[PDB]
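J.: Would you mind keeping the following structure in view while I ask a few things?
A short reminder: the numbers here are calculations on the coordinates, not readings from a lab. Cβ placement follows ideal geometry from the backbone for every residue including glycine, while neighbour counts extend to all protein chains displayed.
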Protein chains: 2
Amino acid sequence: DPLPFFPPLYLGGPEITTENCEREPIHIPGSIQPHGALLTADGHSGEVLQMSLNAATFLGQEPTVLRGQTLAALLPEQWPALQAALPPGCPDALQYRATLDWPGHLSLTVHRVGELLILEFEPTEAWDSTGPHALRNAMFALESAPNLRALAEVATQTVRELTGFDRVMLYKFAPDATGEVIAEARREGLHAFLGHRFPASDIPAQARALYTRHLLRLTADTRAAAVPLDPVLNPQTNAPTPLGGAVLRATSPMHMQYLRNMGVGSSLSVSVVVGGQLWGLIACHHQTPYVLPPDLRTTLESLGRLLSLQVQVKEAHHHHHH
Amino acid sequence: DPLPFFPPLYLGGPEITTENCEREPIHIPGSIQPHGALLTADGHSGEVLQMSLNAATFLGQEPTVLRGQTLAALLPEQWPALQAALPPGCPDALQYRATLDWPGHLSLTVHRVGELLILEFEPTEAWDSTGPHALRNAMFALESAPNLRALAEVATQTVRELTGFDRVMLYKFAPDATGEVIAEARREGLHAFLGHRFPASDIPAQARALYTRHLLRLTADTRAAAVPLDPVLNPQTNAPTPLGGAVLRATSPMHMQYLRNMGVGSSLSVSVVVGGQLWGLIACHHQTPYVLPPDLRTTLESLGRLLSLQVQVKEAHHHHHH
Ligand SMILES: *C/C=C1/C(=C/c2[nH]c(/C=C3[NH+]=C(/C=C4\NC(=O)C(C=C)=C4C)C(C)=C\3CCC(=O)O)c(CCC(=O)O)c2C)NC(=O)[C@H]1C
Ligand SMILES: *C/C=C1/C(=C/c2[nH]c(/C=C3[NH+]=C(/C=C4\NC(=O)C(C=C)=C4C)C(C)=C\3CCC(=O)O)c(CCC(=O)O)c2C)NC(=O)[C@H]1C
Ligand SMILES: [Cl-]
Ligand SMILES: [Cl-]
Ligand SMILES: [Cl-]
Ligand SMILES: [Cl-]
Ligand code: NI
Ligand code: NI
């Protein structure tokens, strides 16, 4: 039951401190991480409504010829497919993805919130692709684990092999929202977090709520400044643009400072949701900035949903055995 | 508890009839389907030991310069990766896959059985690739189904949308190994199989056993003649080559005739395995020959494993509710 949100900073809201941080509106920061570009567009006309200020870098055109243009003119072969994939009223977690050939390779991810389309562009390399075999072969390791703790251990090992992150943890929530690191895979030489417990305030209630609905989030560079959207309010509504479903969403500054204090250069986590409840997180750290490729991110998200069912079977089974 | 196998035809075994078909050694036919090529190689040296007779068509070289050559000479950039992915003693269901650029596009799938590597080559198109989003977006439909029958219905619909097959069924086994079509998605105009029940003999006991360990099999063209391996016995062992893990494995002639009698041009199914037991099949038909691309096959296999956990949760839940 999260408390109501403060207005965001660009609407005159208060500065966030350790006394009020449960009220930070982390889903509407009005800004993005600088390794990609974001546009929003009207879901019926395709008119481009908002754009991140760095969009000319990634899209090779100044906003003058971008704002107010339609996606039918900018993305003529993707526009019909985009409409078919994200019809009105669809879930905001549903996504459309394409790989564009831009005068290099741009990855395009789209989702729909109400009557708005949110388009994320980020550079990708030809060798950055990941086939379905990555997930397929990983399912064998997970199904042979004999109990819940063994399942957690093999899961962290599997995620570290797929990604190369310096540290991968399984963080389990207790009934009071405190957490414990119940499994960990880490680079040789890094100190262990295995078995450590943390207070509920390190992941506040409005973050836990968001993480029950949008399953993956990341900070690619913990010392990068965010890039504003322009205009900052959605012209359709005269209200903030919901970015909870955008991986390019700017991270809370409170969390960015937390990560820097830990010596973390890049961070990523995936929700494990069991029976509609946030059960835990697959939590990853790198010592330097690192952008995990889009195909590998989607694989990790799918692995999280698999792990959720495996947890739910084991918990059901060792509850039914009693 | 399947009865012991007859020797295969090329070892002097008897002809298979409706009186003895539970003894057909379907895993060692000594032949493959003609839309791809197969090689076997020593798992340590990489020496090429057996090849399908059509291999020169797909590999552009006569067997004279193929047999006895090493994979280090033929596939110099794949050979080291192949060894790392399939170490001695690994599961025979574990697979390695690459996309080769051949003087067009060849898909390469490798698995290991004992000390033998089995390599399958098949042509593929650049537009035949399937990203991880296909499986990711399909998971949403499956998790919202309220009960087991609804889960079956949405699953068949999802598989038909991904593949375009004329008919997709969910076939559930009863405790006596008879089966029932409990859900079906089909092209407009095709008669329904929904609700029909079939005898246990249509999928005999040795097929059910094989299908508990190797989860996907297909017949791309129900009127295509199979292509022999040469030599037909594995020189390592002087014994038949196990092909249960090869999708190119020739289909039982008894089943090929069954399919032709039904008017089926192409067939494919995926096992649903629950608690180590064969629970049912996702069974697909096309009216004409059709080779589903390798990336889409692996996606269907992963969807089958997902469905198995969803079935196991629902059955556990509505057994626990009682
Ligand atoms: C007063 C507010 C505070 C606060 C806010 C906050 N924290 C997050 C997100 C996360 N916190 C995490 C905690 C940990 N990471 C670790 O490595 C460990 C132990 C080794 C802990 C306990 C995690 C994993 C997240 C999720 C994000 C990620 O994976 O990096 C947010 C939300 C960030 C966002 O999504 O924008 C917020 C607002 N944390 C505090 O400690 C207090 C000061
Ligand atoms: C005397 C032996 C017989 C026999 C053998 C046999 N059958 C299979 C495999 C399958 N049979 C299937 C049955 C059905 N397909 C349908 O569409 C329906 C109802 C609409 C049924 C009952 C299926 C689905 C399979 C799996 C393969 C596939 O998906 O096409 C085998 C094994 C084939 C192989 O893997 O090599 C064998 C040996 N079937 C008989 O009816 C008797 C005559
Ligand atoms: Cl809080
Ligand atoms: Cl109970
Ligand atoms: Cl039988
Ligand atoms: Cl009970
Ligand atoms: Ni019971
Ligand atoms: Ni109970």
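J.: Using amide H atoms built in the peptide plane, which far-off residues or other-chain residues are under 5 Å from A:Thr219 H to H?
T.: Placed amide hydrogens put A:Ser267, A:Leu268 under 5 Å from A:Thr219.
J.: Now for a separate question. Going 7 Å from Cα along the Cα-Cβ axis for the label, what nanometre distances separate B:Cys90 from the same residue across the other copies?
T.: 3.6
J.: Once every Cα of the range A:108-240 carries one equal point scatterer and solvent is ignored, give the base-10 log of I(q)/I(0) from the Debye formula at q = 0.16, 0.20, 0.21 Å⁻¹, two decimals.
T.: -1.19, -1.40, -1.42
J.: Further question on the same structure: Considering amide H positions built from the backbone, and no H for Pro or chain starts, which residues 5 or more places from B:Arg67, or on another chain, come under 5 Å of its amide H?
T.: Here nothing satisfies the definition.
J.: Apply the Karplus parameterisation 6.51 cos²θ - 1.76 cosθ + 1.60, with θ equal to phi minus 60°, to every residue of the range A:254-268 and state each ³J(HN,Hα) to the nearest whole Hz, in sequence, with x for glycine and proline.
T.: Per residue, the Karplus-derived 3J(HN,Hα) values read 4, 6, 4, 5, 3, 5, 4, 5, 7, x, 8, x, 8, 9, 7 Hz.
J.: Sort shortest first the distances from B:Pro103 to its counterpart in every other copy, using label points 7 Å along the Cα-to-beta-carbon line, and give them in nm.
T.: 3.7
J.: In whole Hz and in residue order, list the ³J(HN,Hα) couplings for the range A:12-19 that follow from phi through the Karplus curve 6.51 cos²θ - 1.76 cosθ + 1.60, θ = phi - 60°; x for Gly and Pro.
T.: Karplus values, whole Hz, x for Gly and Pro: x, x, x, 5, 8, 10, 5, 7.
J.: Follow-up question, since we're still on this one. Would you mind pulling out the separation of the Cα centroids of the range B:279-322 and the range A:134-179, in Å?
T.: Distance between centres, Cα-based: 24 Å.
J.: Please state the shape class of the range A:65-129: rounded when a/c is under 1.5, otherwise prolate if a/b exceeds b/c and oblate if not, all from the C-alpha gyration tensor.
T.: oblate
J.: Which one of A:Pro228, A:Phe198, A:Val247 is farthest out on the positive end of the charge dipole of the range A:115-250, using unit charges on Cβ (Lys, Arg +1; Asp, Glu -1) and the Cα centre as origin?
T.: A:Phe198
J.: Rank the residues B:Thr212, A:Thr18, B:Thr241 as a footprinting-exposure proxy: fewest other Cβ atoms within 10 Å of their Cβ go first. Walk me through the intermediate numbers first.
T.: Details: B:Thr212 14, A:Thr18 7, B:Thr241 24.
Exposure proxy ranking, most exposed first: A:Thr18, B:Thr212, B:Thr241.
J.: Let me ask another. Going from the alpha-carbon gyration tensor of the range B:1-71, what semi-axes, largest first and in whole Å, does one get by taking the root of 5 times each eigenvalue?
T.: 31, 14, 10
J.: Next question, about the same structure. Over the range A:132-195, how many percent of alpha carbon pairs lie in each 10 Å bin up to the one with the longest distance?
T.: It works out to 21, 47, 28, 4, in whole percents.
J.: By the gyration tensor of its Cα atoms, with a ≥ b ≥ c the square roots of the eigenvalues, what is the shape of the range B:189-230: rounded for a/c under 1.5, prolate for a/b over b/c, or oblate?
T.: Details: a/c = 2.46, a/b = 1.34, b/c = 1.83.
Oblate.
J.: Which of rounded, prolate or oblate describes the range A:222-298 when judged by the alpha-carbon gyration tensor and an a/c cut-off of 1.5?
T.: oblate
J.: Kindly list the residues of the range B:216-255 that lie in the label zone of B:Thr64, defined by a backbone N under 20 Å from the point 7 Å along the Cα-to-C-beta vector.
T.: B:230-231
J.: Mind checking the dipole of chain B: about its Cα centre, +1 per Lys or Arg Cβ, -1 per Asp or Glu Cβ, Debye to the nearest 20?
T.: On the way: 21 positive and 30 negative charges, 123 e Å.
Taking the Cα centre of chain B as origin, the dipole is about 600 debye.
J.: While we're here: Bins of 10 Å, beginning at zero and ending with the bin holding the largest distance: percent of Cα pairs per bin for the range A:41-96, please.
T.: Final binned percentages: 22, 49, 27, 2.
J.: Kindly provide the pair-distance distribution of the protein assembly as shown built from C-alpha pairs, with 20 Å bins from 0 and whole-percent values in order of increasing distance.
T.: Using 20 Å bins, I get a P(r) of 17, 47, 30, 5, 0 for the protein assembly as shown.
J.: When you look at the Cβ of every residue in B:126-136, what mean number of other chain Cβ atoms sits within 10 Å?
T.: If you average over the peptide's residues, the count of other-chain Cβ atoms is 6.
J.: Using only atoms on other chains, find how many Cβ atoms lie within 10 Å of each Cβ of peptide B:231-243 and report the average.
T.: For peptide B:231-243, the averaged partner shielding equals 0.
J.: Please state, to two decimals, what the Cα-based radius of gyration of the range B:169-240 comes to when divided by 2.2 N^0.38 Å (N = residues).
T.: 1.56
J.: Hey, can you grab everything whose amide H is under 5 Å from the amide H of A:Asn234? Only 5+ residues off in sequence or another chain; H modelled, so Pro and N-termini drop out.
T.: A:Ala239, A:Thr241
J.: Residue by residue through the range A:220-231, which ³J(HN,Hα) values in whole Hz follow from phi under the Karplus form 6.51 cos²θ - 1.76 cosθ + 1.60 (θ = phi - 60°), with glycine and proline marked x?
T.: 6, 8, 6, 10, 8, 7, 6, 10, x, 7, 9, x
J.: Kindly give the distances from B:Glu77 to its copy-mates, label point to label point, with each label point 7 Å from Cα along Cα→Cβ, as nm values to one decimal ordered shortest first.
T.: So the label point of B:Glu77 gives 2.4 nm to the other copies.
J.: Between the range A:249-278 and the range B:1-65, what's the alpha-carbon centroid distance in Å?
T.: That distance is 52 Å.
J.: Grab the alpha carbons of chain A, take their convex hull, and tell me the volume per residue in Å³. Walk me through the intermediate numbers first.
T.: Working: hull volume 48.0 nm³, N = 322.
So the per-residue Cα hull volume is 149 Å³.
J.: For the range B:15-159, what percent of Cα pairs sit more than 26 Å apart?
T.: Considering the range B:15-159, 45 percent of its Cα-Cα pairs are separated by more than 26 Å.
J.: Turning to a different aspect of this structure: Considering only the other residues whose Cβ falls under 11 Å of the Cβ of A:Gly68, what net charge follows from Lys and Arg at +1 and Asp and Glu at -1? Mind dumping the intermediate values first?
T.: Working: positive: A:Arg67; negative: A:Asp42, A:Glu47.
Taking every Cβ under 11 Å from that of A:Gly68, the sum is -1.
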